[PDB]
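A.B. asks: Below: one structure in structure tokens.
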Protein chains: 2
Amino acid sequence: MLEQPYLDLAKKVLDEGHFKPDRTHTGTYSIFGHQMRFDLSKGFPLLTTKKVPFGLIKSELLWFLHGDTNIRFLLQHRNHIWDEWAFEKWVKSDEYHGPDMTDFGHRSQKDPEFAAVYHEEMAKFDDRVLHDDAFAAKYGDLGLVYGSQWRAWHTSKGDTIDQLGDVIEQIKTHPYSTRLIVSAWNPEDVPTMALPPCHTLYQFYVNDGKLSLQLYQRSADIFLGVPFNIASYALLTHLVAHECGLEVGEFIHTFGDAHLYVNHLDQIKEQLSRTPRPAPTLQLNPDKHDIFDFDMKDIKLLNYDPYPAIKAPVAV
Amino acid sequence: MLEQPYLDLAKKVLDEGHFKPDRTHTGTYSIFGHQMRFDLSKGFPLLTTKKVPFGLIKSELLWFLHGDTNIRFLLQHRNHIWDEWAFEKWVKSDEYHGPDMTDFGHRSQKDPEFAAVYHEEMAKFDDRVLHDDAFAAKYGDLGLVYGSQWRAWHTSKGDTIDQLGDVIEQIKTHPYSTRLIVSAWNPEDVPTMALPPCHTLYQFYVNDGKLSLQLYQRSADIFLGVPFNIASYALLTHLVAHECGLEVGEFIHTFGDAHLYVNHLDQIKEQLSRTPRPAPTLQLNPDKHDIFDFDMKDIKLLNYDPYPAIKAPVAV
Ligand SMILES: [K+]
């Protein structure tokens with residue numbers, strides 16, 4: 001089945017994975033250097049052996065495509081994937097007044113009394129970002145995230161580069177280019193970042209009228225992260241092919257450190273006992289072509305029939 | 001044998017490689033996305049099925065390690081790998097006076113009368129860079145090449161980052177870091193470059209006291225280039241391990257576009273009929289440890305016993 005490479009990567013990390021310690025202070029079994037490909041003509045790689053929220057991957061990628069860096073658009077779509085990063089800034093700000101939220105992460109995962117007050121301040125944080133325009137502009141804007149790196153890379157002469165917009169024009173004018181690369185790794189920002197991009201860079205490739213994309217991921221959470229990472233980039237490969245009047249090829253996912261947290265063992269073992277169903281189909285709006293002006297409604301996933309979602313603890 | 005992955009990559013491009021046109025206007029059989037690993041504990045990956053000049057790979061890597069960007073150091077070591085790039089600038093300069101050297105590349109490869117005058121101007125160019133200090137400083141300095149990208153990345157606030165020097169300190173203080181990345185791809189320089197780096201980025205990894213490195217190469221000349229590319233990075237993996245008091249692991253070579261030029265077919269087929277000999281051994285100076293102050297004499301290759309060199313035309 002189409003998602004077999006993922007299941008295979010999970011097995012490999014189980015057998016050959018070396019216990020390696022991590023930042024979150026949770027253990028991990030790890031492997032360095034791996035590569036899997038998905039032929040996008042055989043279907044969309046959204047895992048069927050576990051239910052993955054496509055709306056989350058869809059709204060987030062659009063947020064990226066718009067070059068947007070403000071949580072506000074995500075929250076409007078009930079997408080809380082980035083709330084944590086924005087909320088941190090609020091909390092550590094001189095104008096923040098409320099309970100102590102020091103290390104609210106692996107403190108909420110412990111104490112239920114704290115976890116409760118944590119979901120309060122955040123609920124409030126999300127409400128202000130959503131309705132207070134100056135608030136959103138100050139704590140709702142993350143600044144250096146994918147939308148900015150892809151569409152507004154800052155130059156030393158104070159200008160901004162639309163990396164992605166430029167490369168798309170290159171695919172139109174020089175399909176056979178081996179320089180169709182978009183980087184998200186900036187040496188001057190990386191040392192001051194809380195999270196240097198996990199998805200370092202990607203390269204497009206065209207041959208026989210088919211567009212392919214290879215992603216280099218420096219670190220990956222085999223269980224919780226990877227199912228999403230695959231769908232985002234396979235989705236991106238689809239949007240660009242659509243804009244460039246091309247056909248889809250393969251999505252090649254290359255890994256640096258691929259790991260499985262120690263508290264995802266029973267869950268990963270359970271998913272593995274499941275039998276892949278046929279992959280869904282992605283359908284895009286044929287009338288609209290400027291992918292930068294695409295909305296939720298323009299992308300539709302047909303025939304997704306997954307097994308129940310598998311709950312697991314997050315590492316912090 | 002240790003170099004089998006290379007021979008296998010050559011076969012794969014022969015069978016499955018799709019004819020794809022290239023910049024040099026020479027054809028190529030290509031594949032997108034490939035990955036091979038070399039266990040550095042089993043030997044050094046300098047190909048034995050064909051003689052590769054280790055002195056060239058050694059002097060060039062040192063030039064990189066010093067953060068040097070001037071052809072002068074290379075020429076002093078009889079290393080002409082970069083002469084072409086520097087020579088171009090000379091020729092297209094207002095102070096250049098001599099024969100027309102327009103497209104001296106695929107013009108020298110044709111006309112023997114021109115090729116002869118070409119080797120004259122260049123001979124002179126190399127002599128001036130070598131003895132005239134102000135000349136070297138003006139046409140001998142390439143500026144944006146690996147030494148500068150690795151050791152003196154320019155920031156928007158007019159400073160320079162020693163990417164490589166910083167990461168090495170990170171391996172010493174945080175071996176288990178998944179952020180040990182060195183990029184050579186700068187979005188603001190790439191569009192004005194004659195050759196955006198082919199070796200985009202690499203990542204280090206440590207586990208069980210062993211250092212590994214993964215290289216992401218956007219474009220690769222399977223026949224002429226790759227044999228060198230492997231030796232440079234396996235060599236770099238060795239120098240850093242030496243400086244960090246670590247043991248060597250594997251060198252993982254990941255590819256975007258891996259191609260074989262149409263005029264290297266008979267040669268690649270011939271190399272394939274050869275039988276790999278045992279890999280050589282690399283030996284480094286045990287007394288010296290600052291790898292940035294390493295000289296030719298500090299690195300020695302024992303037991304290299306190759307088949308004769310295979311001559312082939314360069315694509316331009
Ligand atoms: K970069």
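Quick note on naming: the chains in the structure tokens go A, B, ... in the order shown, residues restart at 1 in each chain, and ligands are numbered from 1 in order of appearance.
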Can you pull out every residue within 9 Å of residue 251 in chain B, counting only C-alpha atoms, but drop anything in the same chain fewer than 5 positions away, and send it as a list in words?

C.D. replies: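 Surrounding residues, per the criterion: residues 36, 37, 38, 39, 40, 212, 213, 214, 215, 230, 233, 234 and 237 of chain B.
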
A.B. asks: Wanna dump the chain B-ligand 1 contacts at 8 Å for me, each residue with its shortest atom pair and the distance in Å to one decimal, counting only C-alpha atoms and all ligand atoms, ordered by chain and number, as CSV?

C.D. replies:
residue,atom,partner,partner_atom_place_in_ligand_line,distance
B:183,CA,ligand 1,1 (K),4.9
B:184,CA,ligand 1,1 (K),6.2
B:185,CA,ligand 1,1 (K),4.4
B:186,CA,ligand 1,1 (K),5.3
B:187,CA,ligand 1,1 (K),7.0
B:200,CA,ligand 1,1 (K),7.6
B:201,CA,ligand 1,1 (K),7.5

A.B. asks: Just write the chosen residues, N, CA and C atoms, as a PDB file, in the first residue's frame.

C.D. replies:
ATOM      1  N   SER B 183      24.832  25.257   6.603  1.00  0.00           N
ATOM      2  CA  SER B 183      24.249  25.494   5.273  1.00  0.00           C
ATOM      3  C   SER B 183      25.211  26.293   4.392  1.00  0.00           C
ATOM      4  N   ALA B 184      25.147  26.088   3.086  1.00  0.00           N
ATOM      5  CA  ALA B 184      25.987  26.841   2.170  1.00  0.00           C
ATOM      6  C   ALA B 184      25.093  27.559   1.168  1.00  0.00           C
ATOM      7  N   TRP B 185      23.783  27.409   1.355  1.00  0.00           N
ATOM      8  CA  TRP B 185      22.796  28.017   0.480  1.00  0.00           C
ATOM      9  C   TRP B 185      22.198  29.311   1.047  1.00  0.00           C
ATOM     10  N   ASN B 186      22.525  30.430   0.426  1.00  0.00           N
ATOM     11  CA  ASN B 186      22.023  31.728   0.848  1.00  0.00           C
ATOM     12  C   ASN B 186      21.077  32.301  -0.180  1.00  0.00           C
ATOM     13  N   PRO B 187      19.779  32.344   0.134  1.00  0.00           N
ATOM     14  CA  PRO B 187      18.782  32.866  -0.801  1.00  0.00           C
ATOM     15  C   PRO B 187      19.085  34.225  -1.432  1.00  0.00           C
ATOM     16  N   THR B 200      24.725  21.761  -0.888  1.00  0.00           N
ATOM     17  CA  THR B 200      23.822  22.642  -0.151  1.00  0.00           C
ATOM     18  C   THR B 200      23.957  22.711   1.344  1.00  0.00           C
ATOM     19  N   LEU B 201      23.967  21.552   1.990  1.00  0.00           N
ATOM     20  CA  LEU B 201      24.128  21.525   3.437  1.00  0.00           C
ATOM     21  C   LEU B 201      24.467  20.164   3.979  1.00  0.00           C
TER      22      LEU B 201
END

A.B. asks: I need the contact residues of chain A against chain B, so if you could list those with any atom within 8 Å, counting only C-alpha atoms, and return them as a PyMOL selection string, that would help.

C.D. replies: chain A and resi 18+20-22+32-35+153+155-158+161+163+176-179+182-183+185-188+196+203+205+207+214+216+218-219+252+256-257

A.B. asks: Residues at most 12 Å from residue 295 in chain B, counting only C-alpha atoms, excluding those fewer than 2 positions away in the same chain, as a list in words?

C.D. replies: residues 55, 58, 59, 60, 61, 62, 63, 64, 65, 66, 73, 77, 239, 284, 285, 288, 289, 290, 291, 292, 293, 297, 298, 299 and 300 of chain B

A.B. asks: Hey, can you check how far CA of residue 10 in chain A sits from CA of residue 311 in chain A?

C.D. replies: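 Taking CA of residue 10 in chain A as the start and CA of residue 311 in chain A as the end point, the length is 16.6 Å.
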
A.B. asks: In Å to one decimal, how far is CA of residue 170 in chain B from CA of residue 29 in chain A?

C.D. replies: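 Separating CA of residue 29 in chain A from CA of residue 170 in chain B is a distance of 21.4 Å.
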
A.B. asks: Work out how far CA of residue 116 in chain A is from CA of residue 224 in chain A, in Å to one decimal.

C.D. replies: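 Spanning CA of residue 224 in chain A to CA of residue 116 in chain A is a straight-line distance of 23.6 Å.
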